[PDB]
Each structure stands twice: as C-alpha cells, then as structure tokens.
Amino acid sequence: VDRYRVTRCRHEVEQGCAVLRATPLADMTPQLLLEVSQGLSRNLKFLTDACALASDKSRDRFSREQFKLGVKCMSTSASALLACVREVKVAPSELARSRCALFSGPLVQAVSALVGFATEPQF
C-alpha cells in the first residue's frame, strides 16, 4: 500500500471528527454537517479501495481476512457516527452534539487500527 496516502486519510478523518467537537451547536448548520459527512465518506471510500488492493497482493490468508474485518469495523463505526450527525441536524441539542463526539472515537480508532495494519513492514 502507499504509506503517504493512507496516513493522509487517517489525518483527514481525525480532522473531520475534530470539526464535530470544535464547532459549537449554534454553528452546526446543515451545510457544515454535510461537508464533514462527505469528507468522512470520501476518506473511508479511499481507505477501503486502498485496502482491497493490499488484500489482492498478500498470499497470507490471515491478512486477507483482517483487511475484511478491518474495513467492516470502519464501515459500521462510520454508520453509527453519521446517524448521530444527521440527528444533530434534525434535532439540535447539546446532548445530540455530545453524542457526535461519543461516536467519533470508535471511527477514529477503527481507521487507526486499519491503517496501522496496512503499514506493517510487509505491504
């Protein structure tokens, strides 16, 4: 895989999660919330695409399965977060905004675990 660009993905997911923690409820407009979701989905797509290719090289059967489980953990984390984001759009509250921070950790960690695996010194 390409060390530089999987790292840039991970940086962009952390950046987008940071937007959801940094931005007060008053400034969480439909448009700000949409740019963040689109930036997250963009970076998840690339990372899933970057990992499919790496699965294709490795002869090892554990690796191929770990990419599959790593990507699925990433995609289920993403869905839990994107539902909180949608929800703070249609039902603004300090609590729904807190909920976004709460469901960021799982996504940031799922991405960090996938990218750390992908840059083991044999890809």
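Residue indices: 1-based, along the sequence shown.
Asks: Got a sec? Mean C-alpha B-factor, which is higher, 32-40 or 51-59?
Replies: Stretch with the greater average CA B-factor: 51-59.
Asks: Comparing 1-9 with 112-120, which stretch shows the greater average C-alpha B-factor in the deposited entry?
Replies: Taking the mean B-factor of the alpha carbons in each, 1-9 is higher.
Asks: Splitting the chain's C-alpha B-factors into thirds, which one does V85 fall into?
Replies: Its C-alpha B-factor, which the entry lists for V85, ranks in the middle third among residues of this chain.
Asks: Where does the C-alpha B-factor of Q66 rank in its chain, lowest, middle or highest third?
Replies: Its C-alpha B-factor, which the entry lists for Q66, ranks in the middle third among residues of this chain.
Asks: When the modelled residues of the chain are sorted by Cα temperature factor, does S75 land in the lowest, middle or highest third?
Replies: According to the entry, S75 has a C-alpha B-factor in the chain's middle third.
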